[PDB]
Each structure stands twice: as C-alpha cells, then as structure tokens.
Amino acid sequence: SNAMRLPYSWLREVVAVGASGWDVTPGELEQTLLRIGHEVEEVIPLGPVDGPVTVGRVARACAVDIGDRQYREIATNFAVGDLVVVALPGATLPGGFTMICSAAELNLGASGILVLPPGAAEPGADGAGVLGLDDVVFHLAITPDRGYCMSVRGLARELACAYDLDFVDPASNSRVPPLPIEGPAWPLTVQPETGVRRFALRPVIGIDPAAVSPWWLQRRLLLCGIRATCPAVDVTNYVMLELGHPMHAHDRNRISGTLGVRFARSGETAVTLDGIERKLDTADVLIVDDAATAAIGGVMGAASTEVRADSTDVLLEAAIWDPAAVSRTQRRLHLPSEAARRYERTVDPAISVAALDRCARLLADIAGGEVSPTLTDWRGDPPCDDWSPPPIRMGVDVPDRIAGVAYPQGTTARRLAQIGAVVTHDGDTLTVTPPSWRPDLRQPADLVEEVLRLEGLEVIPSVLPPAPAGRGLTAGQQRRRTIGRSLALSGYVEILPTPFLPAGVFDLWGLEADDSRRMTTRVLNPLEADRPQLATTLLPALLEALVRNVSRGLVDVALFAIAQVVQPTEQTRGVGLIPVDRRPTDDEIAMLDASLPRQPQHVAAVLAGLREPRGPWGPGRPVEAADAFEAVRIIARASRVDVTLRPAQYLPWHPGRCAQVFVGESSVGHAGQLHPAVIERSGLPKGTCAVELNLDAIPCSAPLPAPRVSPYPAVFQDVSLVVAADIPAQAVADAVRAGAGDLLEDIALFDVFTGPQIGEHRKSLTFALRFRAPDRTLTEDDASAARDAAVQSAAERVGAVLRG
Amino acid sequence: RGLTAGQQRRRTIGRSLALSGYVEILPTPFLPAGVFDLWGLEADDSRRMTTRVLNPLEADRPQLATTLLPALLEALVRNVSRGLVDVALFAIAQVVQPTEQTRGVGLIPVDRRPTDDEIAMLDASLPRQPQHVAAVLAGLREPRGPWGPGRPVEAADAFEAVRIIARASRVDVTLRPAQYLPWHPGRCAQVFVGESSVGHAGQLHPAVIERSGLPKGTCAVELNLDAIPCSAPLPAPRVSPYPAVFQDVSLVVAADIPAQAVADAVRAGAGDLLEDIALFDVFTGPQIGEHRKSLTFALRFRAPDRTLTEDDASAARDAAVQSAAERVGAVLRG
Amino acid sequence: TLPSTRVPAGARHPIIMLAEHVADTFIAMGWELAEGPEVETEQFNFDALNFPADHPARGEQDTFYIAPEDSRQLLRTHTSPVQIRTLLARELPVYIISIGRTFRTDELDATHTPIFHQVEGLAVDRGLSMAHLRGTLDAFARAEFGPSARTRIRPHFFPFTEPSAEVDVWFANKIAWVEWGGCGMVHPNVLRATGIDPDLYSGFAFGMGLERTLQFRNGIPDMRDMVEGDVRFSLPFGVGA
Amino acid sequence: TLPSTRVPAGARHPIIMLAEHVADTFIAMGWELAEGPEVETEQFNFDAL
RNA sequence: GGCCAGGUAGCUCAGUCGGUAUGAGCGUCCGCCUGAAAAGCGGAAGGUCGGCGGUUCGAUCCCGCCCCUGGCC
Ligand SMILES: CCOC(=O)[C@@H](C)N1C(=O)COc2ccccc21
Ligand SMILES: [Mg+2]
Ligand code: NA
Ligand code: NA
C-alpha cells in the first residue's frame, strides 16, 4: 500500500521548528503538495462536536465526575478511575446523533470506548480541546520513488523546499543527542549475503509495566492509523512515523544467546506477533537466537520476543533490510505491514542510530526506565561510515533545456542543495552527490525532475513543436476506414469484440478435435475462470453481442467487427530476459516475434431477422445467405480487389449455404448461413448468417484505370444457356466473357429458370450482353459472331448448351 | 489543424452518395442556351439573374450557373443518349448568384496592404457563391437480376437522396410539399433544416421533361450546403435493461395530411415512454372513405427504470391518439 | 413525407470514431500511426520500459498473463510496447501515435472496463523539451474538447518517464478540471534499451484512455454500454465516416 | 456465386479523388487547405500578383 | 480471509429449509377480430431454480467443494 496518513498539527510542528510561525490553510497545503508531486487522497477534519462534550472520570452504569464537584451517571474495556469522554444530554455527535463515547463515535479513529491516560486532562476540560478536534488528517498516496516521504521527516522537508524555508532535520544529532557508547549491547552475527546494510541495538532497563503512553503520543498514533498498545510498542511506531525508520522492541529477558540474521530454511515456520503461523521460504531473512526465531526480517516480529503487558527490559532494534528481499517476502504471505512497506521503498541507512537513540530516550521518559549506555552497530564488512550514493555529473543548464524555461541563475544548484545533495562546480558542469535518503536520484534525468517540480510545472510554456514531414495513413490503415464506412452505410453496426471466448463455444459449434480454431492461447488469471481462452475467430464475440440485442427486443440486427485474433502455432514459449543496457539485436527481435502467436487482423459480421425493414413499400425481407455474400462483396469493393466465391463445407456454416472466399488463389475466409444445429445449440435466432475474412491475407491494391469512352453505339443481345444445376452462375459468366472478346462491354445475369422444359438437375441462365466497338458501329452479325464465340467458350468450359 | 469541418463534410457526403449508387460528375459553370425557358421559369425568377462572361468559348452560353441542375441534366442526356439509360449522377460545386449589376472596384495601390475596409469592399462587389450539392436520376433505380425485374426511379428515390445527404451532414431535415419549377408540383418537396429552407427534391415536371428531351420520370434534388449548419453532436445514450412493449395503432386521416405530421403528433402525445415509431401500412381501401387514408404505425414503448404493464403502454398510446385527433384530425380506425 | 429509407444506415462504433478523430489530429501535425500485437512479450511490455524486476504490476494481480506460469507472455497493459517496436524499427526522428486495445484487471461496471482502448504518443528528436510536450497536449485538448480547452500538468511517477506528470483537462462545456492521462519525458534507460544516445536525443510521451475520454466529455453514465455492443448505444452517433 | 448486389455502387470522380489524395499528402506535412470564389476581382487575380 | 446474504423464464424480478416454480409483469405462439395490424377477450409454448458430486424410492429446498456479485475488510 502507498498510503500515508498524518495530522496537520504534527506536520506543522516539524516545519515550524526551523520556520517559526508557519501556518497555512489546509486547502493551500493540499495545493502545494499536489504541485510538488504528492497525490492527496482525502482531507478529513476531526469531529466536529459542540455543547456538552467533556472529559470525566469513572467512579453497566456508574457516576462520572464531569468536573466542579458534579456527578452525572449513565462497556468492556475500562476499570474504575480511568479518564473517559462523556456525551452529556443535549450533545451533538457527528453527524446528528443527539454517554461514554468511543474514538469512532467522536470521529477520531477506529471497538471499546475512548480511555484517556492518567494526567491527560482534568475531569471537566473541553472535550474538543483535549482531543484536538480542530486538527485535520491528510491522506496521501506516495509514489514508489519517494520512500523518504513515508514519514513526517520527509514530508516536512518537502514543504520546506516548496516554501523556501529553513529546515531542522528531526533525525539530526543536534535534535537527537548522542547517547553514550560504552560497550556492546548484545552479541549478533549477520550473514552478509542476506542484504542487510545496518543493524543496531540499544537496551532500556527497568520500565514501569503499569505506565501508559501520554495522550499526545496516543492521539498522533490514532490519527496515523496505528492503535496504541503500550509505551514500548508505541514509541517504536511513533519514531517510525516521525523519522521513517521502522523500529522494533524485543523483550530483553526472553532473548536466549547470540542474535543471528540468517536466511530461512524450507519448511521452517515462525509464529509472528499476531499469533499466526507463517510458512517461510529460502529467500526470506530472519532474526534468530540459540532457541527460536525472533522476527521475519523487515516484516514483523515474532511472539517469542514480543513485548507484553509485563515487560520491564526492552532491547530496541534499528535495522536496514534489503528492499527486494522484503518485498518478495511480504507479498508471498500477504503482510503489507508498516515496516515492510517502508523497507521495500528503501529506508535511510544513515539515521539508524539516531532513530534508536530517539526511541530509547523517549521510552525512558514516559515509562520511567533507564537507558543503558551500550550499543551494537553493525555497518557491514568492512564497516561503512559514509552512506552517500555515487556522484552525478550534469550540465548546469540541463534542467533549463529539458523544461524549455530559462531559470534564473543558480536555480538548479539551489534546488538540488535544498533537497539535500552536495553540489560542486567545475566550469559549466555540476557534480551532484544525492543524500542518503534519496536512492532514486541516479542520473541527470532524476535531478531534472527535482528542479522542475520545485520550480513548478505551471511555468513551462505551451510550445507546439514543428511538424515533421509525415507520410500520413498507410494503405492498410486507410482500407480499414473504408471498410468500416462501407459496412456502416450498408446498415451494419460495429461492436467492440471481447477476446475471451465463451465456455465450450467450439463444442456448441461441433468442431472436430483437431480443428485449428481449438488451438487457443489461455490466460492464467481470467476474470471468469471458465473463459480463459483467447479468440481464434471473431464470430463468438459477434454472436454473443447478437444474442444480447435479440434478447432485449432488437430482433433485426446486423453487426460487424474489425479486430485481431490470436492463433498460436506451438505451446506457450517465452524467451529469456535481454539485457536492458543495450539495444536488442535483430536476431533477438525476430526471436521475440517468433515466440508470439500469430495475430492477424480479421473482419467479421453477423446478421439475423429482417435484412430490410417493412414499411409503406412492402413487408421487408428476412436475412438470407446471399446477404452474407453481399457483405463479402462490399468488403471487396472497399478493398478494391476482386473475389471469387466457391461452395465449401466449413463449420459453423451450413454445408449447402457456405461460400469460401478467394482472392486470386488464396483463401481469405468464409460466408453464408449458419448450420441449424449450431443455431439450435447456441440459442441463436433461426436463419442467422455470418462472414469472417482475414484482412492480412487480402493484398493491398492501387489500380490505375485508363478507360477510353467509345462514341459509337452499342448492340444489345441476350443469351440463354442450359447447364447442370451444380455449375456456378459466375463460371458461366466467366466463360461467356472469355469467348466474347473485347467487343463485350457489359454482361449481367437476369434469369435463372428450372423446369421440365429444361430437364432434371439442369438450369437455364439468361445473360444480358452489351457489345460496343471503340472505332466503328457494329452490324448485328458482328455482335452475333462475338456471341457465338461466347457460347462455344461456355460449352467447352462448363458444358453449356444453347437454349432450344 | 487539418481539414475544416466543411471540407470534411464534403468528403463524407460524396462517399455516401457514391456508396448509394450515384456517379459524380464535374459540372460546367456555363449554362446551356435558353435552359430557363425550357424550364418555364418566370421572368423574375431569381435563378435568371446571372453573371455573364464577356468572351465565352460558345457565344450562346455566356451566363454562369445559378443552379447545378442544368449541368447535371446535360450529363444525364449524354449518358442516356449513348445507351446507358439507368443512371444516377451527383455533383458538388459552387453556383454564382449576383445581387446587383456587375460593379467593379478601382485599382488599389499595390505598394501597400489593402485595408480591411478595402477588402470587405472587394468582397461585397462579388456575386454570392455558395456551395451546392445536387443529383439527378432516370431509368431503373435498382437493376434487374435473379431477384426480379428491378425498380424504376421514382420521386421517393430523390427524397432518399436528401436523407442520405442529411445523415452524412449529421443534421435533421423535414420535407414539405411545395410547388417550384422545374419540379412536378404534386411530387416536389421543399427541404428544411429547422425553419430555414435548404433546397428541393422530387420528380421533374412532365412539361419540362418534354421540352428538354429528358427521360420520362426524371427526378432531381438540389440543396444549398452553405445553408446547412455544421453540427457536432455529442450523444449520451442510456440503454434501458428493461423489456419493451409492442403495440400498433391505426389512424384514419384526410388524404392531404402528411404521414410525418401524424407520426409527429403521435410522438408528441406518447411522451418519453415511446422508444420507436415506424409506419408500415397506408390503406385507401373502400371501407375508409373517399379522400381519406388509414395509417398503421408500429410503436415500441420502454421505461428506463421499470417493467411496464399493457395498461401503462395503452395509456401512452391513448394520449398519442388524442394528440393526433387534435393536430391532424385523426380518427382511431374502427 | 413518406419514409423512403429501405436500407436504414448502421453505425461505426463511437470509440473507433473517436480514435479516428484523434489519429487525424496528429497526422495533421506530421505524426504517423503504428500498431502492434495485443499478446506481447514481457520484454517489450515491461523490461524495455524500465519496469523493475519485482514491480507489483508484473504480478498476477493487475496483468493478464498467458498460461503457464512464468511464460513471460501477456496481454499488453498499454500500447507502449508498440512504440518500443517502432523505436527499434524506424530511424530517428520518430513521431508516432499508437491506438490499440489494452487489457487491465479492473472489473466491468459503470466507470471501469477490463478491456479498453488508449491512445499513446511518442516523439523522439534532437532538442525536444517539456514545452513541446505541453504544446502537443494543448493541441490535442483543443481538437477534442473545443477552442477553450487547456491542459494542466502535475508531477507524478511512471517507470518509463523522468520527469513524469499527470495531465488534467479543462473543457468549458461541462454539464472544471478533469483527470485525463499521464505524460513525461522519455526515460534515458528506455532510450539506451533501444540503442539511442540520451545525450543527443530527448523525447516525450503521453497516454489517455479513449473510453474515459468519451465518458466525461459526452456524459455517458454507464460505460458497460460502450463495450456490450447493444445497437441502442451506437445508432444515435450516426453512420460515421 | 449468384449476383447479390441489388444496389450497384457508384463512383466519386477521379479528379475529386486525386485532389483528396493531394490534400491528404500536404495535411500530413502540417499544411492546411484554403478556398476562394471562382468569380474573382482583378485586384486579387492580377494586380496583387 | 470470516459467518452471512444473493445466482430462478427471452428481459426485470418474486417465491418455496423433498413429490404442482398452479410464478408475476413484459417478450414468444394460436384463435375471435382486421384488407393487414394492435388493443381487448379466450387459449397455449418455454426454466433441467449457479456448476460437480453426497443423502434419499424421489432434491430448486438438507451435506461438502468450486465458479461470480455484494455488504463489511
Ligand atoms: C490510461 C492510463 O494509463 C496511463 O495513462 C499511464 C499509465 N501510461 C500508459 O498506460 C502508457 O502511456 C503512458 C505514457 C506516459 C505516461 C504514462 C503512460
Ligand atoms: Mg524522480
Ligand atoms: Na442465394
Ligand atoms: Na452438362
């Protein structure tokens, strides 16, 4: 989770140390945070309440001292003597509720009623004043490049940058006095191959188990979304929120032997602080001793060394874990703890002892303990004493060029120092060493973002770049437009097809087991577990949309779609990671492409009901197979190619009403009426027709016609030819055209006749012919000679007989 | 910035007409000799107020076109006379319509930029030159084939050309009976966008056809694209998941009542529950009475938030019936 | 006045028509359109785009992966891999738009869809700056929201850009500022992963969802109507061209 | 294979289609398309040129 | 991840903790009716009650697992 919550009072406090009197409207602070790159999610005030909301002391139902020697009388987790918040008769709680209140009822936090610690307020004080209901909680979503902003320290530094304020780092040694170092605190061994960068320990001895955290500490924990427990645990969560370094308290008396940081073993378990057993992996980091496991490194402590309500000796832990190891471990067992979320976004390794000393001194103050002057501080082998990242070189005017703004002189150097970097000059080149809490600053582009976001993106002008000499749309892109325009103008409605096939669609289609359409690509994590297969054909998605329309009263439908399919040629095979520090070679690119399933672009359409609506002209016309064939011809004219249709058998189409479509000699798809069994098993309307073509198989064309218009008159003649019923009418037309020669200007079929005059399993076809010469008027004999050659051509090619 | 909205609209209109079977021509700007006398236009018809060329290539054709129809009809005759008798042509071009006698403007010194007033004066001295779209049809509108003998061109095909152009322009039009040469006075519609007239369509007058040597039944359309405003609609449809109710209503009206006026009155009375209305029957049988006609509409009712009862739908239908009685004198069929 | 339309017109889909208008807008500024496969390798969808190895988007939670596990093959979570392919195939300078189907794990309701379409832009040339990015964004905004449209950018984070920003749009036809998309300067790691010298070439990129753009502009209440293919949603938008 | 086209497609004029291709060529390079009247003043047809 | 609450006709939804869901409204079909319609009146069709199993002579209702919506996280 990227969530970060804190109250404005705490944030203003840290900023006001270096800039006395700083105070802004919550609306202004929201705009400033948004302007520098921090997304605010919500700005929620506390309460509010008014009237009789006061603090009382308890002495079921009992009397409550409301102050001034007055007693009013009106469960679970409170004894006699605890300070509580009461709602006297007439009080108005958020919102409109008009009683011992809880943190949830007062709009302050999350079971039981609110119990103020002893000494938090005198019985009778103003409830809204003691609870601090004037405060406002900011809920932020921190991007993963700004782990330093998961704390009051980082967000306060950001505000000081944006308002050009003097900043006092709450993690500094002038603000956290160095406790004495008089010897080791506890023996420990660290396996360096586990990614630990720093591990520090300091104990606190003899704390009062009955002590409770002061109200200002508990209140800040609640507003940040962490429930208070006991002083030892409250200070570790409070310092984590304050400085961004997570802290953990171990019971010193329940640690047996030398502490050890070590990789876990397979099958090894660990009972965490929540009382749940966790299964561990070999890539997990653990803190162990001579007996059991003390913690899952950077995730959560174990119940073995957990601080309890009677703990008196506390060993405090300040460690820096590997971000990748913590992220890999917490996501496996679903533990997005406050510590794990910060470690996976990297934690500043330079403040480990400073946060430790802050924690120990605070615990002794509120619990009456004694801070031991011992300290163990493992800083790697060899020990690391400088946590600064490598320096970055970039030109002084690089942020100016990237932004397109001539910033005043010194802007880049001032802003990069403001965020904590060391900046030196060497001519026109800056050498920038980022601070230890900014591991995201690695190259000049990172530095440019810092200068630009702080100066504000609103100062970058709007300058359209010059237009490059582009080539415009490709031939294929233009064709997809023309096809879409042509189908829509012919009454088709475009849908966006889903790529996930319906469950058992090919079983409903009755396809064979070896049908290539069954060889599908499966998705591992589909939204519907019974629809994991990607579409090899667009028809299932179109037929699904067809059913939706028909089922809702729109029974006369024509739909089309243009989208890619997914057709693998092998089992799912991946290629290994190619190094990102270089360009992949053309062999590696071709290997990447070959590992992907074939994804050609298809066009498809489905039709059902009336193709032509009824009206004052007549009763309309139901969809028939010829309407699907006409959709092919519309697509063909739009693509400026000639197609041929041939009878074929191809499910889910009707075997006697199915055409395979060819361009030249290449098959490009199918069209016609659907099989009545498929329609019945799919709940489709009777007579549904369908088309699907492979656009990638249709070649792009650029014809250059040069017609010459003859000024001479034409000759009209009709020819009737008898053929076997199985002869396609187009084949007869082709044979007539090949015989007639160049005098033939037009040919059109206008009659198909069957009957006993013709003979069983035969048919008569009559074509209208138009002859015209380019250089002369024809005689009738001239046209009849071309007609007779066409008849002889038809006899030779399709067995035609001149009608007698 | 790419193409303007008007340049884009002209492409879309041309694509739609071509896909609907029309063949584009390039119209000549010079009018055929005495074409307005062939049309029988009055001496004061605004189309006769033409700009004339001093030195035309044909001395008998000096005038510039105030309408695209003469050039389209000349190309239609060229096609028909050469054996292509089933034809539908269209054209998109400017016309030349002066508002005064030809008036020139003196030479402006070219050593400087002309002022904005001098520019507006040069523009005001030119005739108005708006963009028009026009079409002509004759012969078979649908060819014969293995489906049947085809269908001859009729006035309704010219009205459909208007609706093709309107859908391409993304504007709503209405059609109203009108008299306007050279159209047939009983088969002529004036086309409106809102309350502004944008042109005419229908069958041509039989006398104009005879005098001009045109094919019988020739139909035509001409619209002023400049009078059609460029629109940019932003629909926000809300698809209702509840079922519809289907009812038909049969209304008897006087024969002169336009069918669209009945549909409009039905829609006005039915209210928001009416999702769709479609005329599917016009009956003038003997049980109806002379000079009267029965119209039957298919109605689709659907609520956005509930399932309707038949009574809910019949209540909206009955209010539509009363609306039609009040507006067009309709009587419920019985 | 009798009805005359014997073959009533259909409709191209409003998302396709918006994509066409967006493409025409960028063509007129000299850009070109590129396309790529929807089933994409993890190399081009994540690795070449500076995504870390343990990034949460590489998990099974947000990205549709192709079975079996650890196949390094997935349905693309953006059209960015199409621009990586173009950067590898074409010579510089490059000004390309990629409009294609994109797949995310969000469920389908009134304001979210798992299958959506987005437009992405990528410009790589000598001396390109954030001013050029903002100029392109404002031109895009005016073309789609009207002459009074203007964009606003705020700092954000994306793995493949540095600096990174989110884009808001102001259209003076609301039924204020609306979140529109993201943008930034092309990260130098992306340029090095394509064989381009980050010291000689700079670049910018942006990305907006088409369904999102259509929803708040036209005021469409239920985005499930955009994807379910009901005829009643498409026909009001006209035939389209 | 029976004929199925009941409404034979028309044609845009080849000169119009060429002008459209020429326009697209220049728009793709950032140019724009402007128009004017065919009946023009002599000032703009000759004198200004 | 919890005990729940939901998945029921073409659409939108009721209802039963074993032998008929006499399911509703609208959608589909037939008749009277009309030149043809619709309404009206009078007749009907259609669900394997979320999937796979368990118990039982017999399960929409009782057991177990899983699929998908939500409420709370
Ligand atoms: C639709 C929401 O996705 C985005 O806007 C973000 C995540 N994005 C992409 O998806 C790809 O193109 C981009 C280019 C520059 C910055 C961000 C993006
Ligand atoms: Mg950065
Ligand atoms: Na047929
Ligand atoms: Na034979």
Side-chain angles (χ1 to χ4, degrees), chain A residues 1 3-8 10-11 14-15 26 29-44 136-162 167 169-171 220-221 223-226 237-246 298 320-321 323-324 326-327 330-331 335-348 351 419-420 434-442 446 449-450 452-454 457, chain C residues 51-52 54-57 62 154-159 161-166 179 182 184:
Chain A
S1 177
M4 172 67 195
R5 316 174 59 86
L6 36 59
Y8 169 75
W10 195 3
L11 184 54
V14 178
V15 179
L29 191 133
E30 172 172 8
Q31 295 305 312
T32 296
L33 288 179
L34 218 66
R35 180 161 57 254
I36 59 177
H38 305 297
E39 173 177 339
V40 302
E41 287 193 29
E42 200 173 7
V43 179
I44 33 179
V136 174
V137 175
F138 277 73
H139 185 194
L140 314 190
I142 304 300
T143 56
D145 60 328
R146 304 197 190 279
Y148 69 105
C149 289
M150 304 286 293
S151 64
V152 188
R153 177 203 194 198
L155 291 174
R157 181 190 315 274
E158 290 276 308
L159 291 181
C161 293
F167 183 68
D169 192 340
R220 284 177 175 184
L221 288 181
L223 300 178
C224 296
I226 298 181
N237 289 319
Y238 183 86
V239 173
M240 177 192 63
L241 295 168
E242 180 192 36
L243 305 181
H245 199 301
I320 295 296
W321 311 91
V326 173
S327 182
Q330 68 94 0
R331 279 183 169 88
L335 282 179
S337 62
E338 297 280 1
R341 286 157 44 188
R342 289 171 168 82
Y343 279 132
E344 69 177 7
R345 300 174 127 99
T346 313
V347 176
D348 186 2
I351 69 170
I419 59 97
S436 58
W437 66 86
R438 294 298 305 268
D440 56 304
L441 301 180
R442 305 171 221 84
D446 300 310
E449 179 176 74
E450 300 299 297
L452 270 54
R453 74 185 179 92
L454 290 186
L457 300 187
Chain C
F51 278 81
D54 56 355
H55 195 276
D62 303 318
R154 330 177 318 272
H156 194 60
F157 170 80
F158 301 104
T161 52
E162 189 81 12
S164 304
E166 282 183 335
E179 163 82 347

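In what follows, every chain begins at residue 1, and chains take the letters A, B, ... in the order their sequences are listed.
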| Going by heavy atoms in the side chains, are C:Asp54 and A:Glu344 under 4.5 Å from each other? | no
| said: For A:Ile351 and A:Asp169: C-alpha separation, side-chain torsions, deciding distance, then whether side-chain contact (heavy atoms from CB on, under 4.5 Å) applies. | reply: CA-CA 11 Å; A:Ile351 69 170; A:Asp169 192 340; 5.8 Å; no
| If you round to the nearest 0.5 Å, how far is OG of A:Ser337 from CD of A:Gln330? | 7.0 Å
| said: Could you check whether any side-chain heavy atom of A:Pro439 comes within less than 4.5 Å of a side-chain heavy atom of A:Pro434, counting everything from C-beta outward? | reply: no
| Stepwise side-chain contact (heavy atoms from CB on, under 4.5 Å) test for A:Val40 and A:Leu29 | CA-CA 10 Å; A:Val40 302; A:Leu29 191 133; over 6 Å; no
| query | How long is the gap from CZ on C:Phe157 to CD on A:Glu39, to the nearest 0.5 Å? | reply | 14.0 Å
| said: Looking at every heavy atom in both A:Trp437 and A:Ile419, which two are closest together, and how far apart are they? | reply: CZ2-O, 3.5 Å
| task | Go through the steps for A:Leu241 and A:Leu6 under the test side-chain contact (heavy atoms from CB on, under 4.5 Å), then give the verdict. | result | CA-CA 8 Å; A:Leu241 295 168; A:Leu6 36 59; over 6 Å; no
| query | Is the closest side-chain heavy-atom distance between A:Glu338 and A:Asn237 below 4.5 Å? | reply | no
| Is a donor on one side and an acceptor on the other found under 3.5 Å between the side chain of A:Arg35 and the backbone of A:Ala162? | no
| message | For a quick test of reading the model, state the closest non-hydrogen atom pair linking C:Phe158 to C:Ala165 and the distance between them. | response | CE1-O, 3.5 Å
| remark: When every non-hydrogen atom of A:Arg345 is compared with those of A:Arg341, the smallest separation belongs to CG-O, 3.4 Å
| Interatomic spacing from CZ in C:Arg154 to CG in A:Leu33 - rounded to 0.5 Å | 12.0 Å
| Between CG on residue A:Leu140 and CD on residue A:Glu42, distance to nearest 0.5 Å | 11.5 Å
| said: Are the side chains of A:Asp446 and A:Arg438 in contact, using a 4.5 Å heavy-atom criterion? | reply: no
| Point-to-point distance, once rounded to the nearest 0.5 Å, from CG of A:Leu457 to CD of C:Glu166 | 11.5 Å
| message | Can you confirm whether A:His38 sits close enough to A:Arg146 that some side-chain heavy atom of one is under 4.5 Å from a side-chain heavy atom of the other? | response | yes
| Between A:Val152 and A:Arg220, is a side-chain contact (heavy atoms from CB on, under 4.5 Å) present by the stated rule, with each step listed? | CA-CA 11 Å; A:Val152 188; A:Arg220 284 177 175 184; over 6 Å; no
| query | Are A:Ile320 and A:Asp348 close enough that some pair of their side-chain heavy atoms sits under 4.5 Å apart? | reply | no
| request: Can you spot which of A:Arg153, A:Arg342, A:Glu158, A:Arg157 makes a side chain to side chain donor-acceptor pair (under 3.5 Å) with A:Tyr148? | output: A:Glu158
| Are any of the side-chain heavy atoms of A:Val136 and A:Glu30 separated by less than 4.5 Å? | no
| field | A:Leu159 CG to A:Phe167 CZ distance, which is reported to the nearest 0.5 Å | value | 9.0 Å
| Atom of C:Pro56, atom of A:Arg331 and distance for their closest heavy-atom approach | CB-NH2, 3.6 Å
| message | If you compare all heavy atoms of A:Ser151 against all heavy atoms of A:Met240, which two are closest, and at what distance to 0.1 Å? | response | CB-O, 4.2 Å
| Is there side-chain contact between C:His156 and A:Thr143, with heavy atoms separated by less than 4.5 Å? | yes
| said: On a heavy-atom basis, which atom in A:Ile36 and which in C:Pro155 lie closest, and how many Å separate them? | reply: C-CG, 3.9 Å
| message | Students often mix this up, so state it plainly: with edges at 30° and 60°, are the rings of A:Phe138 and A:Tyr8 parallel, tilted or perpendicular? | response | tilted
